[PDB]
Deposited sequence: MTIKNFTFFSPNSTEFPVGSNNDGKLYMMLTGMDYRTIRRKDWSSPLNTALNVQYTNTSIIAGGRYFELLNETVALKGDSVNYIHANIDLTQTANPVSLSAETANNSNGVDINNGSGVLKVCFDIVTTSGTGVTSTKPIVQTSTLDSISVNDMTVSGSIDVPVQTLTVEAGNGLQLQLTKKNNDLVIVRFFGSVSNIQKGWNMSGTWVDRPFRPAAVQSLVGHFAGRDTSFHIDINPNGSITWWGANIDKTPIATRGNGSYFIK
């Protein structure tokens, strides 16, 4: 059975409070769903979809065998007896239908159940997405991963030197050295392209590199203006391969 404990304005209100759109859910299994043959029984699961709260209380959905089943909550607000029904479908058919601003049936997938010919072999929930703008927090613990913006830049610095720069969170940069340097003196600026503004550090950064197949090393300074100063020893006309990773903060 399904209990359905409203107004369009409350639907919108609740969606805004929790930061959900029409393509996700809030979901809590208070007790575990139970698998029997080609069926899942939701014993006590609460769902919020489109800001509308409902409960799955010993509600069984029947499955297709040897398949990945996409379990959907389907909300039809005019079906005043049973507004919510469950379906098992061959694809994620979530439709993003706005049931608080317009007519229509909201379909939203919340579970993925894989079956053999005779029973359930695995279950994976659909993620519950909280879409937020700016967060001020004291502490955070992450069990998976944080995805931050990444930008890349290849710089032909001059004299054969190449830098491949990767910047994450607009702050941490790792520079990978490539190419082969020749015709440069200590203290000389390299003769090629300056580092693009978004990768320039606030203060001069000395990055250590290594000459491949040798026991010798160099460093370069990436200056705040984007210029690059050579601080290895003088190199004559024979190019020497330059390699290594160096890291700096922009901020």
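Undergrad: Mind pulling out the bits of the deposited sequence that never got modelled, as residue ranges from 1?
TA: No C-alpha for residues 1, 7 to 18.
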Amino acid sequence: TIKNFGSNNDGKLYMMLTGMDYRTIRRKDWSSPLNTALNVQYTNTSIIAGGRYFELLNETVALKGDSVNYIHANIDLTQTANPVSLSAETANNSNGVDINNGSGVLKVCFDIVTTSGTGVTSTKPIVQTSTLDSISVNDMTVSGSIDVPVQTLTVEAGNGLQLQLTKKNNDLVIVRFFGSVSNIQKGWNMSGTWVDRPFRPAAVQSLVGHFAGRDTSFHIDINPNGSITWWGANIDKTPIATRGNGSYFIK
From here on, numbers count along this sequence of modelled residues.
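Undergrad: Looking at the deposited entry, does 117 to 125 or 173 to 181 carry the larger mean Cα B-factor?
TA: According to the PDB entry, the answer is 117 to 125.
Undergrad: Using the B-factors recorded in the PDB entry, average over the C-alpha atoms of 108 to 116 and of 72 to 80, then report which stretch comes out higher.
TA: Mean B over CA atoms: larger for 72 to 80.
Undergrad: Can you tell me which of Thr45, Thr193, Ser217, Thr60 has the maximum CA B-factor listed in the PDB entry?
TA: That would be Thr193.
Undergrad: Can you tell me which of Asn101, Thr131, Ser87, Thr166 has the maximum CA B-factor listed in the PDB entry?
TA: Going by the entry's C-alpha B-factors, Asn101 comes out highest.
Undergrad: Looking at the temperature factor on the CA atom of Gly11, which third of the chain's modelled residues does it land in?
TA: For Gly11, whose C-alpha B-factor we compare with every modelled residue in the chain, the answer is the lowest third.
Undergrad: Should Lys237 be placed in the lowest, middle or highest third of its chain by the C-alpha B factor in the entry?
TA: Tercile = highest for this residue's CA B-factor.
Undergrad: Which third, lowest, middle or highest, does the CA B-factor of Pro198 fall in along this chain?
TA: Highest third, going by the recorded CA B-factors of the chain.
Undergrad: Is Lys64 in the lowest, middle or highest third of its chain when residues are ranked by C-alpha B-factor?
TA: CA B-factor rank for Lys64: middle third.
Undergrad: Ordered by C-alpha B-factor within the chain, which third holds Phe211? Give me lowest, middle or highest, please.
TA: Tercile = lowest for this residue's CA B-factor.
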